[PDB]
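These notes concern the structure reproduced below.
Number of protein chains: 2
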Amino acid sequence: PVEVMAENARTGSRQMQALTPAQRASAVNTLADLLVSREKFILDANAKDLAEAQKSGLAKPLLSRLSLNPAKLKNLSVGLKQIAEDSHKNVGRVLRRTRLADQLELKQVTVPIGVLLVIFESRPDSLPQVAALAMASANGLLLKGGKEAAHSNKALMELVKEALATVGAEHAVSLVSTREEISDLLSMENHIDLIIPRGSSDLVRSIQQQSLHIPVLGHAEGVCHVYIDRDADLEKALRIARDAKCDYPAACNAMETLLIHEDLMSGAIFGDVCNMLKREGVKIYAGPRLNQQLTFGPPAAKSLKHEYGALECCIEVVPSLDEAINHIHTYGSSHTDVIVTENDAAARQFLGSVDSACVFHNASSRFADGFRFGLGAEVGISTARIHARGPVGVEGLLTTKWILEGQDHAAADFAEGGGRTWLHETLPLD
Amino acid sequence: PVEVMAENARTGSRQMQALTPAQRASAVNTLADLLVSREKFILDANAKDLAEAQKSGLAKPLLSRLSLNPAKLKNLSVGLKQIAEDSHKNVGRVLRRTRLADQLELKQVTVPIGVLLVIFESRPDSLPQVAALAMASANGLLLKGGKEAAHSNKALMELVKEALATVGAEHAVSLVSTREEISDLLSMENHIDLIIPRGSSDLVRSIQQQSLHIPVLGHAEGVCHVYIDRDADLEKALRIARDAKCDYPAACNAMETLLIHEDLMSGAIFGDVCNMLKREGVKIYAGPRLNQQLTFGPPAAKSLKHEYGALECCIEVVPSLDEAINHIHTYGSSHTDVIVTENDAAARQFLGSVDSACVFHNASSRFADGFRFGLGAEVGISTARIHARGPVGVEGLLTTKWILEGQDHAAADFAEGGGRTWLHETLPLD
Numbered sequence: 347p348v349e350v351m352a353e354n355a356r357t358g359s360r361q362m363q364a365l366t367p368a369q370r371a372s373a374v375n376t377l378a379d380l381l382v383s384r385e386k387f388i389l390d391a392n393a394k395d396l397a398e399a400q401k402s403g404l405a406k407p408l409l410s411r412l413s414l415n416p417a418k419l420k421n422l423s424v425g426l427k428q429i430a431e432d433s434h435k436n437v438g439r440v441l442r443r444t445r446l447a448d449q450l451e452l453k454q455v456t457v458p459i460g461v462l463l464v465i466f467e468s469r470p471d472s473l474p475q476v477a478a479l480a481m482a483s484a485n486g487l488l489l490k491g492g493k494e495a496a497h498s499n500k501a502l503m504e505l506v507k508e509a510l511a512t513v514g515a516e517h518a519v520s521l522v523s524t525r526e527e528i529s530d531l532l533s534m535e536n537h538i539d540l541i542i543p544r545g546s547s548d549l550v551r552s553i554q555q556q557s558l559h560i561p562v563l564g565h566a567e568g569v570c571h572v573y574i575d576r577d578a579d580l581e582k583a584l585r586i587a588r589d590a591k592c593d594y595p596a597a598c599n600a601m602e603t604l605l606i607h608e609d610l611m612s613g614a615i616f617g618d619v620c621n622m623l624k625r626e627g628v629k630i631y632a633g634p635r636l637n638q639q640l641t642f643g644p645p646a647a648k649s650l651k652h653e654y655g656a657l658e659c660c661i662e663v664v665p666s667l668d669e670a671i672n673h674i675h676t677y678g679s680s681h682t683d684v685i686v687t688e689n690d691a692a693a694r695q696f697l698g699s700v701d702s703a704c705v706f707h708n709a710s711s712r713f714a715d716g717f718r719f720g721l722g723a724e725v726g727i728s729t730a731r732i733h734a735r736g737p738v739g740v741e742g743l744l745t746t747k748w749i750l751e752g753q754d755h756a757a758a759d760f761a762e763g764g765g766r767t768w769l770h771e772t773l774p775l776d
Numbered sequence: 347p348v349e350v351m352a353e354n355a356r357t358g359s360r361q362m363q364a365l366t367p368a369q370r371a372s373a374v375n376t377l378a379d380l381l382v383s384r385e386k387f388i389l390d391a392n393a394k395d396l397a398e399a400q401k402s403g404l405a406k407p408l409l410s411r412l413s414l415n416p417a418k419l420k421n422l423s424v425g426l427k428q429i430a431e432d433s434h435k436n437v438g439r440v441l442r443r444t445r446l447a448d449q450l451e452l453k454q455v456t457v458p459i460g461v462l463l464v465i466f467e468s469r470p471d472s473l474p475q476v477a478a479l480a481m482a483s484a485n486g487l488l489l490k491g492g493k494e495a496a497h498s499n500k501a502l503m504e505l506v507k508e509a510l511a512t513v514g515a516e517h518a519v520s521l522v523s524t525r526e527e528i529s530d531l532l533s534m535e536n537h538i539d540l541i542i543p544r545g546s547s548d549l550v551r552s553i554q555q556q557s558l559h560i561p562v563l564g565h566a567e568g569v570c571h572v573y574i575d576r577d578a579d580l581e582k583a584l585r586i587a588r589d590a591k592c593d594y595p596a597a598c599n600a601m602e603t604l605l606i607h608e609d610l611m612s613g614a615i616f617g618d619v620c621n622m623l624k625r626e627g628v629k630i631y632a633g634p635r636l637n638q639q640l641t642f643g644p645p646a647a648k649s650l651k652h653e654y655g656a657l658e659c660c661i662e663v664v665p666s667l668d669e670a671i672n673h674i675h676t677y678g679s680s681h682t683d684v685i686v687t688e689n690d691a692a693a694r695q696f697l698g699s700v701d702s703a704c705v706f707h708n709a710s711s712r713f714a715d716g717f718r719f720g721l722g723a724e725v726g727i728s729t730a731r732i733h734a735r736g737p738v739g740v741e742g743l744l745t746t747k748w749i750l751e752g753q754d755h756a757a758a759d760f761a762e763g764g765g766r767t768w769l770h771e772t773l774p775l776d
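Residue numbers (the authors' numbering), protein chains in the order written: chain A, 347 to 776; chain B, 347 to 776.
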């Protein structure tokens with residue numbers, strides 16, 4: 347059934363909550379041991395199901411991404427061992443240590459969240475990553491893939507459950523049957539806490555439209571932005587755009603626009619960047635002011651807020667940096683923005699003005715990866731303005747909790763009748 | 347109109363964003379100056395509108411709470427001066443300072459949120475508190491009261507706007523007309539960020555039912571919980587219940603239940619606590635196991651999860667602390683819970699097991715006030731499991747933002763083609 351799974355996972359969260367010191371670590375490292383040692387089962391199941399699914403041949407992305415190879419197994423094993431070694435103090439870290447009065451220490455500490463929900467398309471590689479993260483956050487977790495990889499999902503479920511049953515002896519992890527009318531599973535509440543979609547923009551937007559009365563992680567668009575000032579070296583901007591677009595076009599934090607200072611139009615940079623885009627085969631449109639600017643220029647852009655994903659990039663030019671901030675806050679998804687120049691006045695002004703989830707200077711839009719952030723294995727990219735900004739490591743998965751151990755105190759005692767005063771001496775948090 | 351207000355407030359947030367060092371502080375202290383110096387206007391308006399509203403005589407709570415006195419003015423003035431003095435470094439505080447490679451410093455800093463929305467019943471005292479908080483968070487803020495206090499709302503709006511126009515010269519603050527079909531104002535999005543209801547449980551629950559596709563602060567019930575172990579002094583528990591219930595019955599974080607160890611039933615404590623409840627006139631019900639326990643006992647409780655607010659408290663007894671944790675997580679709103687005993691094994695076990703927003707030991711349920719937390723002037727009580735837990739000071743009103751100022755770097759440079767390595771030397775955050 348379903349609800350039984352929810353409450354079983356709740357209790358398992360309660361259980362795993364009491365296994366912090368190297369215990370869950372032993373669990374996940376043993377999981378990595380089995381993931382690297384008993385692989386036969388796994389790839390034979392995958393070969394079976396993939397042979398079954400190729401005849402379907404739904405679409406290039408899935409049909410290409412769902413496969414698996416021993417190289418991927420080794421990669422996952424080493425990443426999981428890294429998570430295990432570095433994730434030893436996720437839960438229980440202190441945040442405030444204040445003594446209000448004699449022998450009274452209020453403190454706020456981190457806490458597991460509870461029954462998470464992970465949603466993703468065919469990605470048999472994904473499940474172990476997220477599961478290791480959950481086990482590193484000791485919190486419950488639910489799982490739901492799609493129509494495909496079914497047998498492999500089962501196999502990995504069995505493997506991780508076996509690795510689990512060793513320590514803790516209580517399983518707070520599951521998987522569900524065919525698509526289980528996910529609108530239902532979402533309508534559930536008081537059990538599940540945060541939604542983590544992982545399939546792709548289509549799927550996350552499906553969630554966004556469905557998502558109601560339940561908090562949501564993740565983003566919906568990846569509309570980055572790049573501006574050039576009149577005070578930047580040409581080839582710098584050139585290689586910047588080159589790397590920022592022609593690295594992973596389908597990626598979410600890849601630049602899909604370009605703005606330029608008006609004055610640099612007379613320095614023939616424009617043609618140079620278009621030459622680069624052609625060398626990388628980029629279908630570029632034009633922007634209204636630029637549209638006017640040249641005799642014909644590139645063709646006309648449909649809408650400024652479009653999302654391409656392929657080798658396309660809108661281009662537009664504006665007189666003042668202020669106009670640039672206007673256009674950004676107007677059209678940008680506040681996902682990830684940048685600026686290039688060699689005067690810092692523009693830099694300070696821009697970076698204090700723009701309000702994206704993460705901004706840059708002389709860098710690429712292709713840095714939002716969590717790992718590149720030295721933030722370990724990320725789980726999503728929050729565009730929401732709450733609890734998390736952009737790349738979410740493990741931190742956005744453990745909330746806070748106040749505790750307080752009074753000796754004999756009460757509330758009215760601090761009134762004038764009782765001799766109680768207030769100290770607020772925030773001791774050095776351990 | 348409305349949207350013009352939204353965007354004007356956005357721009358004003360941009361503006362006030364550039365006034366951190368003692369500038370907004372000067373603004374709010376001058377606001378306090380005028381709030382304490384030009385009071386004539388204010389109380390005459392209030393007298394007018396209150397005389398008009400008494401003939402209506404809607405209900406005791408509002409008709410009693412909406413008034414105002416020079417004492418309240420002095421109190422607000424001093425609280426605002428406190429906020430001004432201690433809130434000098436809200437925005438711009440660093441959180442991570444990591445250098446990924448040579449001359450490349452990624453850093454994550456705090457940031458204003460944007461267009462807040464405050465909703466509350468007749469509380470002419472409230473508006474200046476929240477407005478000072480906003481000005482202390484430099485972020486936009488919207489305002490909406492109710493049918494009453496209209497002229498006083500206007501007057502205070504004018505006063506705070508005059509105090510504003512001095513510094514910043516840009517007003518990001520407003521108020522709306524009669525109730526403006528708040529469902530509409532809520533349906534707005536991409537402008538407003540967080541909802542802060544302030545009226546009362548009825549109103550916040552109205553929001554909760556309405557609240558969709560927009561994050562929400564606040565709580566919905568205040569179902570606290572108190573347990574007694576077989577290892578606690580009697581009169582300790584007695585005075586605890588006394589203070590925890592008979593201090594502010596209508597308060598939200600006031601205890602509205604009671605659990606007891608089974609063995610203490612033979613120590614006649616039960617009658618003692620009932621004597622206390624009678625001395626304080628508390629209509630008590632009974633719990634199913636207790637219901638069975640005595641020959642007749644107190645009468646039968648309708649439902650365990652009821653909310654009283656008045657001088658009532660359910661009472662129930664269970665054999666094992668584990669049963670207690672079960673009942674808590676089953677019925678408790680995870681709002682605020684406690685335990686009393688004199689063995690610490692029970693203490694550690696309980697406090698690691700229970701998962702409320704804030705827990706206690708030998709203290710009262712009447713501590714959730716933010717101010718008592720030495721957390722300054724709180725704004726609400728978050729029961730949600732995201733971004734904030736229980737009492738929210740100013741901290742839950744400033745989110746994070748990554749910035750990064752590279753020199754000439756790029757993304758592929760860190761691949762094997764370019765000689766780039768990773769340092770992750772988290773410098774001491776300033």
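Quick reminder that beta carbons are idealized off the backbone N, C-alpha and C, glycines included.
Chain-ordered neighbours of residue i on chain A, where CB pairs are closer than 8 Å
| i | result |
| --- | --- |
| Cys704 (chain B) | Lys747, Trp748, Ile749 and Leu750 |
| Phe713 (chain B) | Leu750 and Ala757 |
| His770 (chain B) | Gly720 |
Proximal residues of chain A, C-beta to C-beta of residue i below 7 Å
| i | result |
| --- | --- |
| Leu446 (chain B) | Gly720 |
| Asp577 (chain B) | None at all; the shortest Cβ gap to chain A is about 14 Å. |
| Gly736 (chain B) | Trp748 |
| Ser710 (chain B) | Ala756 and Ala757 |
| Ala417 (chain B) | Ordered by position in chain A, no residue passes the 7 Å Cβ test against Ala417 (chain B), which lies about 16 Å from the chain. |
CB contact flag (residue i, residue j, <7 Å)
| i | j | result |
| --- | --- | --- |
| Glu653 (chain A) | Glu527 (chain A) | no |
| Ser423 (chain B) | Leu381 (chain B) | yes |
| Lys490 (chain A) | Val522 (chain A) | yes |
| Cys704 (chain B) | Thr729 (chain B) | no |
| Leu412 (chain B) | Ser468 (chain B) | yes |
| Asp589 (chain A) | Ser710 (chain A) | yes |
| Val506 (chain A) | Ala373 (chain A) | no |
| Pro595 (chain A) | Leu636 (chain A) | no |
| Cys659 (chain B) | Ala647 (chain B) | no |
| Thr444 (chain B) | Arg735 (chain A) | no |
| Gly545 (chain B) | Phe466 (chain B) | yes |
| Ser680 (chain B) | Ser699 (chain B) | no |
Nearest to residue i (by Cα), restricted to the options the options
| i | options | result |
| --- | --- | --- |
| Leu479 (chain A) | A:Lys401, A:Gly726 and A:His733 | A:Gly726 |
| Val455 (chain A) | A:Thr676, A:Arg439, A:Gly736 and A:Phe466 | A:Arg439 |
| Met601 (chain B) | B:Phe696, B:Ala614, B:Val569 and B:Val619 | B:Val569 |
| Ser612 (chain B) | B:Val663, B:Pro634 and B:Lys582 | B:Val663 |
| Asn672 (chain A) | A:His565, A:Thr366, A:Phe696 and A:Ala511 | A:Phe696 |
Interface partners of residue i on chain B, CB under 7 Å
| i | result |
| --- | --- |
| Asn599 (chain A) | What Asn599 (chain A) touches in chain B: nothing, since even the nearest Cβ is about 10 Å away. |
Under 9 Å by beta carbon: chain B residues contacting residue i
| i | result |
| --- | --- |
| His434 (chain A) | What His434 (chain A) touches in chain B: nothing, since even the nearest Cβ is about 17 Å away. |
| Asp530 (chain A) | Within 9 Å Cβ-Cβ: nothing; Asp530 (chain A) doesn't reach chain B, min ~18 Å. |
| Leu462 (chain A) | The premise fails here: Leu462 (chain A) is roughly 11 Å from chain B at the closest Cβ pair, so nothing lies under 9 Å. |
| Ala693 (chain A) | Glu751 |
Chain B contact residues for residue i, given Cβ-Cβ distances below 8 Å
| i | result |
| --- | --- |
| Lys582 (chain A) | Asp754 |
What beta strand (DSSP E) runs, 3 residues minimum, are completely inside the region 574 to 616 of chain B?
Assignment of beta strand (DSSP E) within the region 574 to 616 of chain B, counting only whole runs of 3 or more residues, yields 605 to 607 in chain order.
Pick out the complete beta strand (DSSP E) segments inside the region 391 to 471 of chain A, 3 residues or longer, and give them in chain order.
Note on the region 391 to 471 of chain A: whole beta strand (DSSP E) runs with a minimum of 3 residues are 440 to 447, 450 to 458 and 461 to 465, in chain order.
Under 8 Å: do the region 456 to 475 of chain B and the region 750 to 768 of chain B share three or more Cβ pairs, one atom per stretch?
The region 456 to 475 of chain B vs the region 750 to 768 of chain B: no contact.
Would you check if there are 3 or more beta carbon pairs closer than 8 Å linking the region 604 to 624 of chain A to the region 573 to 580 of chain A?
Yes, the region 604 to 624 of chain A is in contact with the region 573 to 580 of chain A.
Between the region 395 to 407 of chain A and the region 494 to 505 of chain A, do at least 3 Cβ pairs fall closer than 8 Å?
Between the region 395 to 407 of chain A and the region 494 to 505 of chain A, the count of Cβ pairs shorter than 8 Å is three or higher; the stretches touch.
Pair every Cβ in the region 554 to 568 of chain A with every Cβ in the region 629 to 644 of chain A, then say whether three or more of these pairs are closer than 8 Å.
Three or more Cβ pairs closer than 8 Å define a contact, and the region 554 to 568 of chain A falls short of that threshold against the region 629 to 644 of chain A.
Residue ranges of each beta strand (DSSP E) run of no fewer than 3 residues wholly in the region 630 to 663 of chain A, ordered along the chain?
Listed in chain order, nothing qualifies, since the region 630 to 663 of chain A has no complete beta strand (DSSP E) run of 3 or more residues.
I want to know whether the region 349 to 366 of chain B touches the region 616 to 623 of chain B - three or more CB-CB distances under 8 Å.
A contact between stretches requires three or more CB pairs, one per stretch, nearer than 8 Å, and the region 349 to 366 of chain B fails this requirement with the region 616 to 623 of chain B.
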